[PDB]
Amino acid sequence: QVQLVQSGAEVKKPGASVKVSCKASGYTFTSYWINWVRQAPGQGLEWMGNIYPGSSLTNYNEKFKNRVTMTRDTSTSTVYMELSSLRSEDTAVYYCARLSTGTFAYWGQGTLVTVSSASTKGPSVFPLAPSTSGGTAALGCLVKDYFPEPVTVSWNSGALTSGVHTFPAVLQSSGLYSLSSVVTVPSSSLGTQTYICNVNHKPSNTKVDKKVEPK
């Protein structure tokens, strides 16, 4: 099949430069245009540039005058994207895509580049205890003060999926992220079923299974 696998996530400091790889397979790599598109959190897509692997022809965006650089490697069928003089505004998920006009469009899975002076910190998991209402009760976990993204939260090892709301993270003044995950259940189940949120933060080797007991 046609596949575009991008390099993994990276955290960089302001002023540094990142290089994202995109390995094409399943077609004549040297004949199709490869585009780069980024998306900052809470904003639309932004075209970044073009590269034709056949002759390394590039079409950069004027927004990144001398920061963007696209190259190719025919021996490994990989295209690279380099962005220098990084800012906090450059925090985004970056996509590579094979977009030759009139032909089918394929997309890489994306690559998250976090630009921040913060350092890796494991999250604290606080229980949001119920009591609750008359009919339904709500309980949750507060995952506070971690860097970088992402955190994976599940309930009862993934066995509790109904009424679960994991809210998107929020960047705080400390440069750390914070999210909460809630779940609504019948009021009669508070004392008949155990509830455990399973928080996982891989960059800091944090693994916490907090039991949410009522108050």
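Don't overthink the numbering: it's just position in the shown sequence, from 1.
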>> Checking chain continuity here. Are there deposited residues lacking coordinates between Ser119 and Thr120, and if so is it 1 to 3, 4 to 9, or 10 or more (or none)?
In response: none
> Do the C-alpha atoms of 189 to 197 or of 20 to 28 have the higher average B factor in the entry?
Replying inline: 189 to 197
> On average, are the C-alpha B-factors higher in 106 to 114 or in 71 to 79?
Replying inline: 71 to 79
> Whose C-alpha has the highest temperature factor in the PDB entry: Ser178, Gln39, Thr161, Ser181?
Replying inline: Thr161
> When you compare the CA B-factors of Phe167, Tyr146, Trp47, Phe64 as listed in the entry, which one comes out on top?
Replying inline: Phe64
> Which third of the chain holds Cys96 when residues are ordered by C-alpha B factor: lowest, middle or highest?
Replying inline: middle
>> Where does the C-alpha B-factor of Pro123 rank in its chain, lowest, middle or highest third?
In response: lowest
> Lowest, middle or highest third: where is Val5 by Cα B-factor in its chain?
Replying inline: lowest
>> Please say which third, lowest, middle or highest, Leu57 falls into when its CA temperature factor is compared across its chain.
In response: highest
> So where's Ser154 on the chain's Cα temperature factor ranking, which third?
Replying inline: middle
